[PDB]
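>>> What shape does this take:
(2 chains)
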Amino acid sequence: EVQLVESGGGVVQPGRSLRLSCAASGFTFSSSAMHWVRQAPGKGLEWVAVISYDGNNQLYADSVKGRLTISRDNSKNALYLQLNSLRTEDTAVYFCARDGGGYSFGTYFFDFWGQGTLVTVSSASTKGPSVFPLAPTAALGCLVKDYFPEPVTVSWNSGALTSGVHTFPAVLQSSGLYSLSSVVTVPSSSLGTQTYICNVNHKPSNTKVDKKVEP
Amino acid sequence: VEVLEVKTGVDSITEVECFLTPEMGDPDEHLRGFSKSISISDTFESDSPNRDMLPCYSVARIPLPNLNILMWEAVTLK
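Numbers count the residues shown, from 1 in each chain, chains lettered A, B, ... in the order given. I have put the structure below:
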């Protein structure tokens, strides 16, 4: 089995540096040209860079040239990507990919990929969320707002309410803080008898908040 | 350095035969004798050819039999 394992993604302030790595097994690494390809959240794939079998020749997309440096150490079966003078727009899942054979001809396709490592380029500092109730089949929920970075987790009644729950994927705001919504559909009958608490967890800010939702 | 007589005999003549392989770029381990595909810089300022796209001069230095006033003189090429 050809395998490529990436490492080293995280958050980074604009202008600062970061270095991704990729470990290869199951082929002769030193006999393949290697690429990085990226994909901003919810957007399509963009090829970034290629390096020769030797490590001695690199080419770059216009979008990244002068701020990324692809490199390799064949003795460690390791591919690297060095991000410098970083921009908010450089935010994305970065994949290492084996060239399909056509390096020499300028004909790049990618026959093996890795998991991708997320690089998030933001100036905003770690922050726990404010949780507001979305009060009322009817429908109840929580608004988890102004937190950084990803992710939060959201349970209801500490794991007891599961059915009918929809935790929506986050959104980035003007502010550069994320805002999320979790809701549950519930029989209207039960809105007096039964309590609805959302458990909101933000490990990056070392936060757990329980919030009661009622009419 | 002044040049005098040519030694005669049958021990006065030597022949050198060889191949010089071309050095075109060898952009991968199957493309000996070829260069990397040409990429054109958008401007003069940004012109930055990688090694595997730059053919280079071939050169070979061949040792001849030792002579110690006597030097080997090259006379004919094929």
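>>> just the residues of chain A that are near chain B, which are they?
When proximity is defined as CB under 8 Å from any CB of the partner chain, chain A approaches chain B at A:31, A:33, A:52-54, A:56-59, A:103-106. For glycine as for every other residue, the C-beta is placed from the backbone atoms N, C-alpha and C.
>>> Same list (those residues) but as JSON lines, adding secondary structure and neighbour count.
Formatted as JSON lines, the residues of chain A next to chain B follow (DSSP: H, G, I helix; E, B strand; the rest coil; neighbours: other CB atoms under 10 Å in any protein chain shown):
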{"residue": "A:31", "secondary structure": "helix", "neighbour count": "11"}
{"residue": "A:33", "secondary structure": "coil", "neighbour count": "23"}
{"residue": "A:52", "secondary structure": "coil", "neighbour count": "24"}
{"residue": "A:53", "secondary structure": "coil", "neighbour count": "23"}
{"residue": "A:54", "secondary structure": "coil", "neighbour count": "16"}
{"residue": "A:56", "secondary structure": "coil", "neighbour count": "12"}
{"residue": "A:57", "secondary structure": "coil", "neighbour count": "20"}
{"residue": "A:58", "secondary structure": "strand", "neighbour count": "15"}
{"residue": "A:59", "secondary structure": "strand", "neighbour count": "21"}
{"residue": "A:103", "secondary structure": "helix", "neighbour count": "25"}
{"residue": "A:104", "secondary structure": "helix", "neighbour count": "21"}
{"residue": "A:105", "secondary structure": "helix", "neighbour count": "13"}
{"residue": "A:106", "secondary structure": "coil", "neighbour count": "13"}
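>>> Please name the nearest non-neighbouring residue to the residue nearest the centre of chain B.
In chain B, the residue lying closest to the centroid (CA atoms, centre = their mean) is residue B:59, at 2.0 Å. Distances taken as CB to CB, 6 or more residues apart in numbering or on different chains put residue B:20 closest to residue B:59, at 7.5 Å, once the chain neighbours are dropped.
>>> list the contacts for that neighbour?
B:58, B:59, B:60 (CB atoms under 8 Å, 6 or more residues apart in numbering or on different chains).
>>> residues touching residue A:177, list them.
A:124, A:127, A:145, A:146, A:147, A:148.
>>> Name the helix or strand for the residue nearest to residue B:59, please.
In the assignment (DSSP states H and E), residue B:20 maps to no helix and no strand.
>>> Can you tell me how far it is from residue B:60?
In this structure, residue B:20 and residue B:60 are 5 Å apart, going by CB to CB, to the nearest Å.
>>> swap in residue A:206?
Note on residue A:206: its distance to residue B:60, by CB to CB, is 69 Å.
>>> same question, residue A:119
Going from residue A:119 to residue B:60 by CB to CB gives 49 Å.
>>> Counting neighbours around each, name which of those two comes out higher.
Neighbour totals were compared for residue A:119 and residue B:60, and residue A:119 leads with 21 against 9 (other CB atoms under 10 Å in any protein chain shown).
>>> Not counting the helix or strand that one falls within itself, show me its contacts.
Per DSSP H and E, residue A:119 falls inside strand A:117-121. The contact list for strand A:117-121 (CB under 8 Å, 6+ apart) reads A:6-14, A:18, A:20, A:83, A:86-94, A:149-150.
>>> Name only those of those residues that count as buried.
Buried members of the contacts of strand A:117-121, counted by 16 or more other CB atoms under 10 Å in any protein chain shown: A:6, A:9, A:11-12, A:18, A:20, A:83, A:86, A:90-94, A:149-150.
>>> I am finished for the moment; much appreciated.
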